[PDB]
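Taking it in order: structure first as structure tokens, then the write-up.
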Amino acid sequence: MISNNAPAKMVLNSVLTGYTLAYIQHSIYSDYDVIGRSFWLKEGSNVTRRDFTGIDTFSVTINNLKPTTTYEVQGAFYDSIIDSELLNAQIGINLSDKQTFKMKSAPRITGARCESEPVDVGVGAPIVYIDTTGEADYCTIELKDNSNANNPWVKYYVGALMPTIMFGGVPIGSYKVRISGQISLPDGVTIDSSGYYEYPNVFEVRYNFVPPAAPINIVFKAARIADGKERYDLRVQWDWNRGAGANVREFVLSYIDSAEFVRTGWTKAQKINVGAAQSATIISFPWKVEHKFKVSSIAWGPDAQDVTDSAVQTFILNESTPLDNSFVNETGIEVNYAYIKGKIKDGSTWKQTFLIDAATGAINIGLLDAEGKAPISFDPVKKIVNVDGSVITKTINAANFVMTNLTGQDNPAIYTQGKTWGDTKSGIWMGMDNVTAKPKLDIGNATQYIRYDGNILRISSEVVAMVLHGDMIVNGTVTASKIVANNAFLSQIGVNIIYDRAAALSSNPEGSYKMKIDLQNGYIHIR
Amino acid sequence: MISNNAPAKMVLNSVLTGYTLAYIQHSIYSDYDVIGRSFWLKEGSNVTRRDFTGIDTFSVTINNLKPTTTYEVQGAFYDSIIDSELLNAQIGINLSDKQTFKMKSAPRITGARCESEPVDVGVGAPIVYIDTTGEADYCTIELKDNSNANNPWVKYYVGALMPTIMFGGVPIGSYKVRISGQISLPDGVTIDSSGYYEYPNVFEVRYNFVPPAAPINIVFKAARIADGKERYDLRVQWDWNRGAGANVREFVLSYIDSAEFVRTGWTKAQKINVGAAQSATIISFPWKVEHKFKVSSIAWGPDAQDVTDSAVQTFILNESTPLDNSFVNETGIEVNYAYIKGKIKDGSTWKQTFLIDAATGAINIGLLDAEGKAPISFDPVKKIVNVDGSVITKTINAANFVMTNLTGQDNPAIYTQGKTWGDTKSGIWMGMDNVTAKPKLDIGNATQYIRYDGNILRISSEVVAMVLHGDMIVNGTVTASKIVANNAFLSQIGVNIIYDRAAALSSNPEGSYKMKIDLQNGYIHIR
Amino acid sequence: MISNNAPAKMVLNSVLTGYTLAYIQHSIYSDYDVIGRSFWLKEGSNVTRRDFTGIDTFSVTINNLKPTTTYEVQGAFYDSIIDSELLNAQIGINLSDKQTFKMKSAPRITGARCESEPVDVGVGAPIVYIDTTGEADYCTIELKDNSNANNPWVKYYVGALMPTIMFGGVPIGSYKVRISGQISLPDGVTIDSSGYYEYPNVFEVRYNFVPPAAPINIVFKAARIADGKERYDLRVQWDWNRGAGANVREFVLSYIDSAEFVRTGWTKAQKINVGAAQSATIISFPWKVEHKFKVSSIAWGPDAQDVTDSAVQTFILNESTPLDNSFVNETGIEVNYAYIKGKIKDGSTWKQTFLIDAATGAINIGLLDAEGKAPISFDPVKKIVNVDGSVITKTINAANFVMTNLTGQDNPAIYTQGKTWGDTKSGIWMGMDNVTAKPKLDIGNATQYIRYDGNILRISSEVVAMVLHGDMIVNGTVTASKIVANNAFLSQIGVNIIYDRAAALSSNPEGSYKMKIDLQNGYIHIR
């Protein structure tokens, strides 16, 4: 009736599994003869045995646990009654009920990625999205600069595991992430770590700045003029779309002369700043000289910028298709590319005085009365110098005598307008008449006057009509109808019938005489 | 003298209170007959009893703790000596001193709020301010997209509690936060959680971009001209204030013609970019044509922008109140809106030659000598064609004979200036004199000349004065004072007293003769 | 053979050292008479002793540990067999082997610093770099606003220690950091803290915005003209470098008139916006009027901006060194700063008609035939009014008779060009000839005409040549060669030899007569 009742059945109160060790909580013992414990483990197909001599300890910590497996543990006590052999056999020794414990998996990375919002401008925070799927309580994460050969590892986040671990403040450059970890145990000193695990491939952080797209739908137009001077205004309009790249910042409008691009390309070209309205204007655009127009979509990134330009689009303003042209405000001196002129506004009669036209070289002055001419207007085309009138004239240098533009029917002459050779009026006419080819002339009326034609003259008037300043040896014939004188130193005579001035000047020349010597019929009558 | 001394008094070494369970540390036992422990709890007004059979365990973990209350716990041991009845009575059984333990409150949220700095431009980090006021050691925080019906919860921060928990990197969109938690215990396996606690109302994250305010205090001014051509320069100045909205970015100056706004509104309008100086300029502004001016305060936000405009303010430059006008640099061809002219600079005498004025239509040429006229200046107003002098004249087409502008006192005439009909000078005068209504004329001196008046003539001169080219039947009277001839074929005679040229041409016509037949007194003297 | 074998040797299973307390794990006891433990500690040169009465406890927690030292601990048990004296002596009492434990150092700060990327624009996250080098598991970090006298401390990060602790979201203003900490122990209730440790000197957070540098390498140039009107175009180019300050944002080009800066400085000055191309252009620049040009490098910071300007650089365009000048497009009215003119293009002959030059005051009209003159061109310089021809002339006001510009050798005269006094031609000549100083004249041919010289006349022609309208008292001499009449009322006579018209008019005046009374030789012949 003497026996050694074996120590009571073994129970396992609590199990806490580390990565490579499990801390197991058990019950108390008896039998006064115990030596230790004999723990059996079921790996799934193979079994192992361990021994823990010394009983003062109140819990056990198995080690050398094969990674990633659920084990079944068997508790037990043994005394000197049962030897090592029977312990191997496990008969007579009490054993625990079957309990299986899970090994917490190592910290596993499942996704690493950099991301932020599409950067518009300025400096923005780039976030780091690293995803882990293990289990621990003191996980550690480290980064290393991939660029250089040596890079003392750097640890940035230490804490509990998460499906997605995100933290900012990382530098942009190359950095690859390793993963570590530890698991705690109620026994204070013991602490189990995990093997380092680096991602197979590095990743690179960068700002989300992306070059934008160039503007499209370029359209042109212009306002014809300003008030005067024909200042032609050119406006540039275009549409820029959205959907790819970065949010474009402002623009820059660049253009150059057509004839200047050929000699040199897009250097020294005309450039102006642009607003956010997608349309800038040139207020005084050259006329008839073409131009190459380009619009640039300048972007802006946190570190620098980059520009995408539209395709070249040349255009020139001409007399075709202007709009918004209500700047024709008459000012009295209307300078235009097609003409420079001076006019005087009045009522509804735009009375114009001065003009120059670059279409026919016409030069006009003074108000118009002719169909297309004015008193002192001009026309170098089909040249003509046309003028009239002169309030003050105290001089000439050449005669201004002949009349031309018709060799025969503009008779060279200075005369009274409206009267000529053969008019009863008392007007005048002088010069070289050409309807007779020689000078005509007439001064005075048609009865008391002086007439002349190039060949001959007719002066049917007297004067007081022989006034004498010299001695005459008459080369013509001296005829007459009557004669009164004081004496006569003659040469040869004629007197048909001798009257006397005793009768001649006396009344009736056949009057009182005393002897009439008629030499015609033997007539000597003596009284 | 036989007794079972009850197990010694019970002490509670340490207490650690979880949310729903308290881990209590106790002392060791004796008496060889113990069964377990009998813990009494004082809720404040009601008591509960629990039993823990089995003594191998070294500490206890009460459960089912009513939330948010300080409990008084009573430790105890009991043996088979005292039954369940006496255990209920609690007499003879030793009891512990009175200790009260506090239950740590659940994780409580007290404030949730999004905030950052007022965004000027670019992408900025929006922070999330969530405030919790509980107590735990493994607090968890999760966000959920409020927008969609289904949103797999997301956990972002795991760590110790804090008065204010702030973490960035959250998306802008809708997100509401729940709160969880756990509390650890020295016993490894046990871990107590907390019930989920979602904020009653969601909150929405957004950038701190706010529309700015429009510019104010609009003021205009202009510089009158450029060097020449009267290029009028218009400047726009305005003041933009600060204190509300976002930090404005740049501006855009838009304006349109007055007469064009009526037909169409703020479309196809003139627009230019603006700087940060709050003032942009138009270098060649139209003259006398009004304009509607608006200045836009374009903002810029991280995702997009928005513009607040000022009120319309129309203005036109005129002859009133220009400034900074020191561009009057004479160049010799001064084109102006009020006149186009050409002048020659010299010393302090701005000698001007050419002119056209858009105030009176005046057209001027050549240097001035008259009060308001020049030799070939003009004035279509009160029209007059004024010219003088001609170095070369080889032609005319009409006579240029009459004189007008005074029908009577500008006598039609071409004559020597300074001499006329009745002057002793040897000058000339011709034409239709009108102070007598008919031609006056005089060629030569006052003694040997030819005079004429429209009616009659006076030629007091001779010629070699009867030169004869024809035969004369005299229709007047042929008088005379002396006569010399070679013969005479007469008709009737008169000879008072018969002298002879034997005496007449001979000296003393009463000289040598031989018989004088005087017919007056019977006088026949024969010698 | 009776003895009290002392309790077996003392072992120390595990040691966990707090800041001020160490939790030591030990073995179990025996001997039925124990009282407690006697722990000896080796500070390095001095020893201390402690006692722990009561054995129910299974581990010990020494306190009052001198900071920052490695201690050697000695375990022990004692029974009533050995008294306090022998316990002090430590003979007979069993003692433990020698174990030394390290005290974890307090949380030490080694570096505090604010840093971010150099801010270009917008709001950016400023990070806080605080470096700690201690050891704990619940480290705490707090910030305090240095500016104000009272600032309720704020705690922002709670977690494990790290070589460098970085967290964002801090306000910019003044903030100084303190450091705290705690260390956990397996015994649940006990928790050991650390003394507060504030950095000796505060630090201030600020954005990394820094003022940029002004632009350099300023260079000027211009395009001469537009199509017409001589619109001079001025371009401004400059280079801005990189390496210090912030990334400059855009620019602003400001300039003012030279003569206006003296009166007032850089106020009311001309200003235009600028693009990122570092070059803006003025399309119509004043000519010959200098200008002061400044280019501003406006920056942009998260809160506000700041501008650094370049040095003043004045320049004026003149006839020296323009470029890109291919805007000379003839239009027929070429307005220029040096001349305003109107010309008519044709073939390779740029036929020019109208002109005004601001170099010599020349005014030109009509096509040119002279070396430097045209029919109605002008030259107020060395003044001359030159004109010719008039298609219509119906009026004059002064004679236009005299000829001048040569007092003697431009004879005042209106005459037929190419003929004068002494030519056989039938032309004319009138006026005041000056080579004789008095009028010359001739009308008609050289045989039947009227000649005149200022003094005398020669009319070698007849008329039907004595036409009589009055009665003549001849004041000259009336000579003759022949006489025919009807009667004669004479005064005194002469008749040499009495013929008769009975013979005179009859043939042979010596013909049929009847008595010839010759008074010369006593000759009375009677028939």
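What is the P(r) of the range B:4-58, as percent of Cα-Cα pairs per 5 Å bin from 0?
4, 14, 23, 28, 18, 9, 4, 1
Semi-axes of the equivalent ellipsoid for the range A:161-265, please: Cα gyration tensor eigenvalues, times 5, square-rooted, ordered largest first, whole Å.
Equivalent-ellipsoid dimensions as semi-axes: 65, 16, 11 Å.
For the range B:392-527, what is the convex hull volume of the alpha-carbon atoms per residue, in Å³?
Per residue, the Cα convex hull of the range B:392-527 comes to 259 Å³.
Considering the rotation that carries chain A onto chain B, locate the chain A residue whose Cβ comes closest to its axis and report the distance in whole Å.
A:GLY122, 1
At 0.692 mPa s and 37 °C, plugging the Kirkwood radius over alpha-carbon pairs of the range B:65-188 into Stokes-Einstein gives what diffusion coefficient in µm²/s?
So the translational diffusion coefficient is about 174 µm²/s.
Once amide H atoms are built 1.01 Å from N in the peptide plane, which residues 5 or more positions from A:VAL335, or in another chain, come under 5 Å H to H?
HN-HN under 5 Å from A:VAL335: A:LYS229, A:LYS341.
Near B:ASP518, within a Cβ-to-Cβ distance under 11 Å, what is the net charge of the other residues, with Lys and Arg +1 and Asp and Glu -1?
Result for the neighbourhood of B:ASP518: +2.
Summing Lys, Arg as +1 and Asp, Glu as -1, what charge do residues with Cβ under 11 Å from the Cβ of B:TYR78 carry, B:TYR78 excluded? Present the calculation step by step, with values, prior to reporting the outcome.
Working: positive: B:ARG37; negative: B:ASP31, B:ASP33, B:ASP51, B:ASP79, B:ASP83.
Every neighbour counted, the sum reads -4.
Could you work out [θ]222 nm for chain B from helices alone, using -39500 (n - 2.57) per DSSP H run of at least four and dividing by all its residues? Round to the nearest 500 deg cm²/dmol. List each step's numbers first, then the result.
Values: 2 runs with 12 residues, N = 527.
So the calculated ellipticity at 222 nm is -500 deg cm²/dmol.
Averaging the inverse of every distinct alpha carbon separation and then flipping it gives the Kirkwood radius. What is it for the range B:12-101, in angstrom units?
When all Cα pairs of the range B:12-101 are included, the Kirkwood radius is 13.6 Å.
If one computes P(r) from the Cα atoms of the range C:396-472, what percent of pairs lie at distances over 22 Å?
Of the Cα pairs, 36 percent sit more than 22 Å apart.
What does the highest-first list of A:369-376, B:271-278 look like by mean Cβ count within 10 Å?
Those peptides, ordered most packed to least, come out B:271-278, A:369-376.
Give me the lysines in straight-line cross-link reach of C:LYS144: C-alpha distance below 26 Å, same-chain residues under 8 apart excluded.
Within the straight-line limit of under 26 Å, C:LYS144 reaches these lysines: C:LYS155, C:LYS176.
When the Karplus curve 6.51 cos²θ - 1.76 cosθ + 1.60 is applied with θ = phi - 60°, which whole-Hz ³J(HN,Hα) does each residue of the range B:430-438 get, with x for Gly and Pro?
9, x, 9, 5, 10, 5, 10, 6, 9
How shielded is A:408-419 by partner chains, expressed as the average number of their Cβ atoms within 10 Å of its Cβ atoms?
4
Cα-Cα over 32 Å: which of B:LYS292/C:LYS343; A:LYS382/B:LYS383; A:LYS288/A:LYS383; C:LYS394/C:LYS425; A:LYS419/B:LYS482; A:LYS271/C:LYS268?
Working: B:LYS292/C:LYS343 40 Å; A:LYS382/B:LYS383 27 Å; A:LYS288/A:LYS383 29 Å; C:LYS394/C:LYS425 30 Å; A:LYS419/B:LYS482 44 Å; A:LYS271/C:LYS268 25 Å.
Pairs exceeding 32 Å: B:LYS292/C:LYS343; A:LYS419/B:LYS482.
Using a 10 Å cut-off around each Cβ of peptide C:185-195, what is the average number of partner chain Cβ atoms that fall inside?
Working: counts 2, 6, 6, 12, 7, 1, 0, 0, 0, 0, 0.
The shielding value for this peptide is 3.
Just need the Rg to Rh number for chain A, please, alpha carbons only, Kirkwood Rh.
We get a ratio of 1.72 for chain A.
Based only on other Cβ atoms within 10 Å, what is the fewest-to-most ordering of A:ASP379, C:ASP346?
Going from least to most buried by this count: C:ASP346, A:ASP379.
Based on C-alpha coordinates, I'd like the Rg and Dmax of the range B:480-527, in Å.
My reading of the Cα-based Rg and Dmax gives 12.2, 32 Å.
Could you give me the ³J(HN,Hα) list for the range A:343-357, computed from phi with Karplus coefficients 6.51, -1.76, 1.60 and θ = phi - 60°, whole Hz, x at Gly and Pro?
9, 10, 6, 6, x, 9, 10, 6, 5, 10, 10, 9, 7, 9, 10
Expressed in whole Å with the largest first, what are the equivalent ellipsoid semi-axes of the range B:304-401 derived from the C-alpha gyration tensor as the square root of 5 times each eigenvalue?
After scaling each eigenvalue by five and taking roots: 46, 19, 13 Å.
Could you work out the per residue convex hull volume over the alpha carbons of the range A:216-314, in cubic angstrom?
113
How large is the convex hull of the C-alpha atoms of the range A:257-338 per residue, in Å³? Working shown, then result.
Values: hull volume 13.1 nm³, N = 82.
Here the figure is 160 Å³ per residue.
How high is the relative contact order of the range C:1-135? Use alpha-carbon pairs under 8 Å, at least six apart in sequence, and give a whole percent.
25
Take the protein assembly as shown, compute every pairwise Cα distance, and split them into 10 Å bins from 0; I just need the percent in each bin.
1, 6, 9, 10, 9, 7, 7, 6, 6, 6, 5, 5, 4, 4, 3, 3, 3, 2, 2, 1, 1, 1, 1, 0, 0, 0
Averaged across C:439-445, how many Cβ atoms of other chains sit within 10 Å of each residue's Cβ atom?
Details: counts 8, 0, 4, 0, 7, 9, 5.
Mean shielding count: 5.
For A:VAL11, list long-range residues whose amide hydrogen, built 1.01 Å from N in the peptide plane, is under 5 Å from its own amide hydrogen.
Answer set, sorted by chain and number: A:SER27.
Quick one: which of B:119-125, C:300-306 comes out on top by average Cβ neighbours within 10 Å, and what's the full order, highest first?
Ranking the peptides B:119-125, C:300-306 by packing returns B:119-125, C:300-306.
Where does each of B:9-17, C:498-506 land if you order them by average Cβ count within 10 Å, highest first?
So the order, starting with the most tightly packed, is C:498-506, B:9-17.
Take B:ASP306 and C:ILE28, extend 7 Å from each Cα along the Cα→Cβ direction, and tell me the distance between the two endpoints in nm.
7.7
Can you compute 3J(HN,Hα) from phi for each residue in the range B:257-267, using the Karplus curve 6.51 cos²θ - 1.76 cosθ + 1.60 with θ = phi - 60°, rounded to whole Hz and x for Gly and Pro?
Running phi through 6.51 cos²θ - 1.76 cosθ + 1.60 with θ = phi - 60° gives 4, 4, 6, 9, 5, 4, 5, 8, x, 6, 10 Hz.
Local charge sum around A:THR281 (other residues, Cβ-Cβ under 9 Å, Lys/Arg +1, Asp/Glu -1)? If you can, show how the numbers build up before the last one.
Working: positive: A:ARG235, B:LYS271; negative: A:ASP233.
My count for the surroundings of A:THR281 gives +1.
Once amide H atoms are placed 1.01 Å from N in the peptide plane, what residues at a sequence separation of 5 or more from C:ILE282, or on another chain, have their amide H within under 5 Å of its amide H?
C:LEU234, C:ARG235, C:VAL236
Here Cβ is always computed from backbone atoms with ideal geometry, including for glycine, and neighbour counts include all displayed protein chains. Every read-out reported here was derived from the displayed coordinates using simple, explicitly stated rules and does not represent laboratory data.
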